[PDB]
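Contents: one structure, followed by commentary.
Neighbour counts run over all protein chains shown; Cβ positions are idealised from the backbone, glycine included. Since every read-out is calculated from the coordinates, none of them should be taken as a lab result.
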Ligand SMILES: Nc1ncnc2c1ncn2[C@@H]1O[C@H](COP(=O)(O)OP(=O)(O)OP(O)(O)=S)[C@@H](O)[C@H]1O
Ligand SMILES: Nc1ncnc2c1ncn2[C@@H]1O[C@H](COP(=O)(O)OP(=O)(O)OP(O)(O)=S)[C@@H](O)[C@H]1O
Ligand SMILES: Nc1ncnc2c1ncn2[C@@H]1O[C@H](COP(=O)(O)OP(=O)(O)OP(O)(O)=S)[C@@H](O)[C@H]1O
Ligand SMILES: [K+]
Ligand SMILES: [K+]
Ligand SMILES: [K+]
Ligand SMILES: [Mg+2]
Ligand SMILES: [Mg+2]
Ligand SMILES: [Mg+2]
């Protein structure tokens, strides 16, 4: 269709207008005094929310060029969401502040490529400096503290997460399930988690976690690409009869076969979800086998001349529960016998002795850790169904934050970390004056989150910013009580991982828009 | 003609909009970093100015209700200008701050009369307090200091003003004239100043001072009202022949006769200006006579059966110079002989002995002081015509500030004095909640001048206001260097009188607008 | 009338667009390859010109705000023009370049007052540095050279100007008149020049020089202000009878009397021109007397009780010729006898011995030099009336440039001097970053004149600018021949005084525009 094409400044003003509608809608919800945003729904009451990502999803604009700007900067929240699971609003605030000053510098005649280089240099140094401020979260006391804080001061949840991490290691797999009664339970089951997510968003049966959850499912382990539905028919009907759901772990599920699984789990017919097998090449087969051993299944590979047509319910593996994210599959309580599994471990453990290369060694150690480690299962107890679904959600969130904390530690919240970082970089310089302006654009942007939190309180950003900057270390502003003090002592912490992601994705998308010269869109027609 | 009529809120929003355009245009010029305002002129290059009064005179708005709010608030500046001859921009900023928050309170349902009452109570107490803060300017050291500081640190100008005040008293008449050569000259001549201005603005031959200036003019002293030009004709033509200008001092110059004088000095035909005779009733005649004795003229009064037709050049008085303002006439160097004047002084001095009432005594003492006081003439020396017109202007301005200082003392400049006054009134309460709101409106408005000074620097008004409020006394912000310090030691002082006037005029017009319910104007038609 | 009022950015974009129309019209005519501009006239053929001033005078714009920006910047050309008499196009190109980048720096958020401070600092340093580069023009060889070059390589004209300067000194008075025949004549007559111009442009009888020229006039020397025509009547009629013109040298000629002289020399009735008397105060009377002595006239002062009514043709002085500019009066060949004049000289020369102050000494030496120095008269010979008016024009222009060269010397033309000065200032810094951007603005603008000369040639500005920047000293681009070389050896010189004026008036009006926050004009109605 015929296009509308815009260049330079014409395009920049449209982009900036769109980013501003998006960011301005989102940013009112930042921090403890965030304001509500009302989102219209086609039936019944509108949604009232303080959640950045809910607002951003609804933003689409009529002017097509403004719309492109909103959708580009929206990619900042979702990327920060996917990498750290928090900080999408902080990321949008940082993005609008960089884009705004960046595009003003461009309109003033400064070189967009230098501006970007300066932003990137500041970001690179800011991130090193964030790591140097990060306070580690390594012992179970620290873990329990963070978990307590993330669970709205519920010391129970903190103890639980610390206990789970103590059983499987802070890098171990932990899930949470509904409790059976009043008290919390923590057990370790045979299980495993690997880095593959669902092959279509449609398999998601729980939009609240954006996840796929299956109970007592059969697991098809196919060592090949599935293109034809034909191959599946006999196994699918056999599973239909036992009344259980099916997890397909294949080398891949492509077009035709996937499209059918999507349409057929959509009409309730059979509950099937498909993920890619972990790894690639040689180690892929070995790993498929690890899963087989764990779930008591049998790898159906074309190398031994086995067909999917000639596969019964006995070939399929089984587990009590499987959960799959955008990019994770976790298999909880596999049927595989302790004999077979422990025997498999001993095999791999010997491969480690015969390994003639570090690379092969690490790859093997990873397999053993997954196979011998199992999965911690937190079962959340409560008095009623309602209190339970609620406590479960708190445990899930608290776990998520604590995990982030364990990885890269914690830094002062309320946007003080980025403010301290920016002041350590006052002397940072680049190769020329435009790069220097770029550096300053990014240092200035780093105050935006603190300023917006203050603004949402009804206080003066410039006064609070200036006061915070005039102290040091963990001194900042507690926006819930409206007092200054030590952020760590007050329990206002951000996982370093979230702060670092929000900054990095903000600067990344911003540097793409600051170096955009031309925009192409359909004619409004 | 048909009227448009608005009430309540509809009226309030129009008034506020009008005030805002006027105040916004004027306030950019405030203080050392005031910005330029460009004023269009129908011929040649526009006027570029940093002077509030120049801006304010040009403002007139299309919408007739908005225009009414601009013109009501302009009354602030012009009355502060008439009373204290400085501070009109400060006055305009205080007025906008009061009006803005007062009208918001009204829109919120608070009682306008209580708001006004609260504002008024605050202003009353603020003015007592500004007198307590005020530092006297009474001795000739102080007067030289203030003069020096108002002359851009020119100690020469400070010495001259102190010398002139030492000759004629700090309440005596002082003028400045062009020097004859390189050095300054101070002499005392016979002369007098009285509280009557021109009878039409059209006599103004020097729009730069808004004044009327006449050189070696004849002075007609007529003890009656002049309605007919007929009477004047014979005296007017006799004056026309001598080639000198004429000052008419009559009991009044009404309609017909005035209209003619206006038209005839307009076409350059004869240079004539008219003022009312000073005082009223009995003392008016005796005062007319004092002027006569001073200028060597003869009172033409109808009580002795004298006509204006039978008056020659010999009857008229004379002086080297007369200057007339909106509400002052000053006669410089009258021809009257020292014998006659000194003899008249002695007469009045005896009347003071015979006086049987305080009131008659004081009135008589006033006359003697004027007749015996003379007029100090400062002649400004310089190397070139350009340097002299410049140094003359500095002396004029310094003289004007010093006079104000001598009446009411001096306080910290840079808006600090009103901030110190506000903070002392934090506990001030009225009869009810609305009145308390009124008080707060006024105390908040008292910050506005410091804030606007700061904003014109390009700095952050809330940060500086916060810092200055955290200090005390004379601590404040020097907007020329951008440093904090002691306002007095840094030489940044305002005459108390100008601070007081700005505030009282601002509050006065703001209270009228806040209690306005209805506006009537012509239909745009 | 009702006003339109604009603020900030809305004002800045209007200003800028009006400056661009004006400067774009003017700048095409810069340099040896300047292009033609066609100016409509209401009757007959349009005017075709390469003269910037001519273009500027016609520029008026419909949008009242853009018109204000044109009229402001036109003040640059006319102030350069009054101070130096050349360089107005250069000055307009410098202003456009400073305003353009200065308003873009404001739009980007930079503090206008700091921007202006930076520009002023660069200009102040640039001017010092121009002085350091200036090659003197002090001996008569250099004077002849510069004369020759300013006269389109006419060595004749150069010799003449050098001979005239040799007779009366390089600071002496020199005029040019029509020759009587074929050869040039140079003689020295009794005469004098003083710093007072005409009191109205209407006395101009020669619009080609914008000058007033009077032949064998009477000279009224009145030591007082003339307000009334009455006083003049008897002297005016006495002059009317002798059939000669009259020059009025009074303390001033104000409103009424001036308006009449304007109207009466306008209808051909009597040829009268009026100028202020030189100096002020005491030395004014002494100086009035010097003129009297020179012209054989008699001072009519009111201090000795003399009237203008009682003045005959015998009281008036006389001279063969007088010429009056916007700000100069020159009296050529006064009738005064050598006895009286030489005797007056001896008097003053004694005052110099008795002088007890340097100031009084210099003032006296100035009077002797004027009275004893006379006036060099260049009479231009030619073969026909046409060739003579033409040669006379060349001599006038050459003289004017040579005089400018003698005061402050000469620098490389072609915009090279400013480019050399800009590169010496690369390290110049101010108090903050916005001041530094200011400095850069001004250094970038200093390339504009060379780049616009180049652009007028149809060559590439950046290539030429870069090549000139890469050499040094007087290396530049000869835009007549399109070759690089040594600008001084090629004879492409600018008087330092014109380059300095152009740059200072440009920066001065540009700094006012940059710090303009608000504009007020009549509603288009
Ligand atoms: N008492 C507090 N005082 C100041 N800041 C706080 C306080 N409590 C939490 N915060 C800060 O609030 C910010 C988090 O606000 P949120 O509203 O969750 O937005 P976000 O995490 O940036 O984006 P979402 O949640 O993905 S939408 C973090 O910087 C916290 O440090
Ligand atoms: N260095 C300074 N720092 C802060 N304030 C100053 C400084 N110098 C003068 N001022 C203040 O600036 C204010 C005077 O500003 P102006 O521009 O004259 O306007 P104004 O008197 O209120 O109104 P005008 O002159 O009639 S228009 C006073 O409050 C001074 O004390
Ligand atoms: N051959 C040349 N090559 C380069 N520049 C030259 C040459 N001859 C003269 N110029 C320069 O041209 C500039 C002057 O051009 P003009 O057109 O007179 O403009 P202006 O003097 O800037 O403005 P006017 O005359 O008052 S309109 C000076 O910079 C001269 O040095
Ligand atoms: K939120
Ligand atoms: K001002
Ligand atoms: K030209
Ligand atoms: Mg969050
Ligand atoms: Mg003032
Ligand atoms: Mg020229």
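Can you tell me the Rg and Dmax of the protein assembly as shown, counting just the alpha carbons, in angstroms?
According to the Cα coordinates of the protein assembly as shown, Rg and Dmax are 44.9, 146 Å.
Based on the alpha-carbon gyration tensor of the stretch A:302-406 and its eigenvalue square roots a ≥ b ≥ c, which shape applies: rounded if a/c is under 1.5, prolate if not and a/b is larger than b/c, or oblate?
Because a/c hits 1.5 or more and a/b fails to exceed b/c, the stretch A:302-406 counts as oblate.
Round to the nearest 10 and give me the degree value, 0 to 90, for the angle of helix B:155-168's Cα axis relative to the longest principal axis of chain B.
The two axes meet at around 50 degrees.
Have a look at the DSSP beta bridges in the protein assembly as shown and tell me what percent are antiparallel, nearest 5.
The answer is about 65 percent antiparallel.
Mind checking the angle between helix C:8-27 and chain C's longest principal axis? C-alpha axes, 0 to 90 degrees, to the nearest 10.
Relative to chain C, helix C:8-27 is tipped by roughly 70 degrees.
Any idea what the residue C:78 label distances to the other copies are, label 7 Å down the Cα→Cβ vector, nm, shortest first?
Shortest to longest, the spacings are 3.1, 6.3 nm.
Where a ≥ b ≥ c are the square roots of the eigenvalues of the C-alpha gyration tensor, would you call the stretch B:371-438 rounded, which needs a/c under 1.5, or, failing that, prolate if a/b is larger than b/c, or oblate?
Numbers: a/c = 4.63, a/b = 2.59, b/c = 1.79.
Note, shape of the stretch B:371-438 comes out prolate.
Taking Cα pairs under 8 Å and at least six residues apart, what relative contact order does the stretch C:191-371 come out at, in percent? Don't jump to the answer; show the numbers that get you there.
Working: 356 pairs, mean separation 56.0, N = 181.
That works out to 31 percent.
Hey, what's the Kirkwood Rh for the stretch B:147-264 if you take every pair of different alpha carbons, in angstrom? Please report the intermediate quantities before stating the final value.
Values: mean 1/r = 0.0574 Å⁻¹.
17.4 Å is the Kirkwood radius here.
In chain A, which residue puts its Cβ closest to the axis that turns chain A onto chain C, and how many whole Å away is it?
Its Cβ sits closest to the axis: A:108, 2.
Work out the mean other chain Cβ neighbour count within 10 Å for the residues of B:44-57 and drop it here as an integer. It would help to have the intermediate numbers written out before the result.
On the way: counts 3, 9, 11, 1, 9, 0, 1, 0, 0, 0, 1, 3, 0, 0.
Shielding by partners across B:44-57 averages 3.
Tell me what chain B gives for mean residue ellipticity at 222 nm when only DSSP H runs of n ≥ 4 count, each as -39,500 (n - 2.57), the sum divided by the residue total, rounded to 500 deg cm²/dmol. Let's see the in-between values first.
Details: 18 runs with 273 residues, N = 525.
Taken over chain B, the calculation gives -17000 deg cm²/dmol.
What is the helix-to-structure angle for A:385-408, meaning the angle in degrees between its Cα long axis and the longest Cα principal axis of chain A, kept from 0 to 90 and rounded to the nearest 10?
Roughly 70 degrees between the two axes.
Using a Förster radius of 60 Å, what is the FRET efficiency between residue C:259 and residue B:466 based on their Cβ-Cβ separation? Nearest 0.05, please. Walk me through the numbers before you get to the answer.
Working: r = 60 Å, r/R0 = 1.01.
Once the sixth-power term is evaluated, E becomes 0.50.
Quick one: compute the contact order of chain C, relative version, from alpha carbon pairs under 8 angstrom and 6+ residues apart, as a percent. Don't skip to the answer; put the middle values down first.
On the way: 1006 pairs, mean separation 140.1, N = 525.
Result for chain C is 27 percent.
At 7 Å along Cα-to-Cβ for each site, give me the label-to-label distance between residue A:267 and residue C:60 in nm.
About 8.3 nm, to one decimal.
Can you give the log10 of the normalised intensity I(q)/I(0) at q = 0.05, 0.10, 0.12 Å⁻¹, computed with Debye over equal Cα scatterers of chain B?
For the requested q values the scattering log ratios are -0.24, -0.95, -1.24.
For each of B:330, B:209, count neighbouring Cβ atoms within 10 Å of the residue's Cβ, then give the residues from fewest to most. Kindly include the intermediate steps, with their values, before the conclusion.
On the way: B:330 18, B:209 12.
Going from least to most buried by this count: B:209, B:330.
Taking 20 °C and 1.002 mPa s as the conditions, I'd like the Stokes-Einstein D for the stretch A:434-483 in µm²/s, using the Kirkwood hydrodynamic radius from alpha carbon pairs. Intermediate results must be reported in sequence, preceding the final value.
On the way: Rh = 11.8 Å.
Here the translational diffusion coefficient equals 182 µm²/s.
Please order A:218, A:7, A:194 by the number of other Cβ within 10 Å, starting at the fewest.
On the way: A:218 24, A:7 11, A:194 21.
Least crowded to most crowded, the residues run A:7, A:194, A:218.
Taking a spot 7 Å from the Cα of residue B:328 along the direction of its beta carbon, which residues of the stretch B:343-385 have an amide N less than 12 Å from it?
B:376
Using only the Cα atoms of the stretch A:191-371, each taken as one equal point scatterer with no solvent, compute I(q) by the Debye sum, divide by I(0), and report log10 of the ratio at q = 0.15 Å⁻¹.
Reported log10 I(q)/I(0), two decimals: -0.83.
Report for chain C the percent antiparallel among DSSP-assigned beta bridges with both residues inside it, nearest 5. If you can, show how the numbers build up before the last one.
Numbers: 38 of 58 bridges.
Restricted to chain C, the bridges split so that about 65 percent are antiparallel.
Suppose we keep just the DSSP beta bridges with both residues in the stretch B:191-371; what percent of those would be antiparallel, to 5?
Numbers: 17 of 31 bridges.
Looking only at bridges with both residues in the stretch B:191-371, the antiparallel portion is about 55 percent.
For the stretch A:1-69, how big is the tail of P(r) above 17 Å, as a whole percent of Cα pairs? Write down the numbers at each step before the final one.
Working: 1222 of 2346 pairs.
When every Cα pair of the stretch A:1-69 is considered, 52 percent fall beyond 17 Å.
In whole Å, largest first, what are the principal axis extents of the Cα atoms in the stretch C:74-135?
Answer, in whole Å and largest first: 40, 28, 14 Å.
Can you compute the equivalent ellipsoid semi-axes for the stretch B:384-525, i.e. the square root of 5 times each eigenvalue of the Cα gyration tensor, sorted largest first and rounded to whole Å? Mind dumping the intermediate values first?
Values: eigenvalues 194, 118, 52 Å².
With the √(5λ) rule applied to the stretch B:384-525, the semi-axes are 31, 24, 16 Å.
Place the label 7 angstrom along Cα→C-beta at residue A:393 and in each other copy, then list the distances from the first to the rest in nm, shortest first.
7.2, 9.1
Taking the Cα-to-Cβ direction at residue C:361 and at residue B:230 and moving 7 Å from each Cα, how far apart do the two end points lie in nm?
Modelled inter-label distance: 7.1 nm.
Taking the simple approach of a point 7 Å from Cα along Cα-to-Cβ for both residue C:242 and residue B:433, what is their distance in nm?
Using points 7 Å along Cα→Cβ, the separation is 9.3 nm.
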